[PDB]
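Asker: Each residue of the sequence shown is one higher than the last, beginning at 9 in the working numbering.
Ideal Cβ positions, reconstructed from N, Cα and C, are used throughout, including at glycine.
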Amino acid sequence: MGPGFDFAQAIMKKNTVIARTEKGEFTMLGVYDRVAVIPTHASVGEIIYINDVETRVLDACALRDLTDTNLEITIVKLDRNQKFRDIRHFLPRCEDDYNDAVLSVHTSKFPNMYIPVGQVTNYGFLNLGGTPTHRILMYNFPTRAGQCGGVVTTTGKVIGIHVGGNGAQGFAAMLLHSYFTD
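As structure tokens, then:
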């Protein structure tokens with residue numbers, strides 16, 4: 009509808025795949041080469057389905073900060089025959105608050121979904137399904153099951169991936185440029 013949805017559409021059309029694990033279907037952001045992200049609660053194994061293609065997982069790393077606290081972000085390298093468009097120049101370098109964010113999801117269940125979630129708070133600490141988690145973004149939209157892995161953008165920046173909610177609020181793990189230096 010506006011420049012917010014335009015930026016979000018540009019990311020979804022070129023930089024997402026449908027990831028399937030034994031824990032279900034997830035929106036999965038491709039960042040560069042064969043490197044993508046997914047919520048840690050997807051429990052990525054040795055094999056994953058990517059757009060329904062059986063894919064060997066070359067590497068998978070569950071990120072924690074230097075306080076040894078969960079970040080809820082898994083970085084996956086896929087044995088895929090095609091590279092992603094490099095979108096690392098769209099990642100923020102520092103933790104921050106934002107205005108006018110969109111949350112975008114693409115699964116079997118929720119194809120081409122875009123939600124204007126509005127203002128995003130640098131929330132910080134969250135007890136997420138009982139796990140102490142850091143670097144959480146918070147937005148006041150009643151997000152639901154099927155949206156985890158959903159991409160959070162502002163015009164010009166990819167800022168996080170949806171990892172849960174409490175029925176009033178939704179929660180995203182921050183993406184930072186320093187996660188994807190090669």
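Candidates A16, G53, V43 and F15: which alpha carbon is nearest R28's?
Answerer: For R28, the nearest C-alpha among the options comes from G53.
Asker: According to DSSP, which residues form a beta bridge with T63?
Answerer: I56, per the DSSP bridge assignment.
Asker: Give every residue of the same chain whose Cβ lies closer than 7 Å to the Cβ of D104, excluding the five residues on either side of it in the sequence, and list them in chain order.
Answerer: These residues qualify, in order along the chain: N130.
Asker: Does DSSP classify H114 as helix, strand or coil?
Answerer: Coil.
Asker: What are the residues that DSSP puts in a beta bridge with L136?
Answerer: Looking at the DSSP assignment, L136 forms a beta bridge with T139.
Asker: Among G168, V61 and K91, which residue has its Cα nearest to the Cα of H185?
Answerer: Cα-wise, what sits closest to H185 is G168.
Asker: Please go through the same chain and pick out, in chain order, the residues whose beta-carbon is closer than 7 Å to the beta-carbon of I58, but skip the five residues on each side of it.
Answerer: Counting only Cβ-Cβ distances below 7 Å, and skipping sequence neighbours, we find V25, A27, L86 and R88.
Asker: Out of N23, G164 and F15, point me to the one whose CA is closest to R93's CA.
Answerer: Nearest C-alpha to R93: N23.
Asker: For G132, which residues in the same chain have their Cβ closer than 7 Å to its Cβ, ignoring the five residues on either side in sequence?
Answerer: Here the set comprises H142 and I144.
Asker: Taking the alpha-carbon positions, what's the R152 to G173 distance?
Answerer: Each residue's alpha carbon lies about 7 Å from the other.
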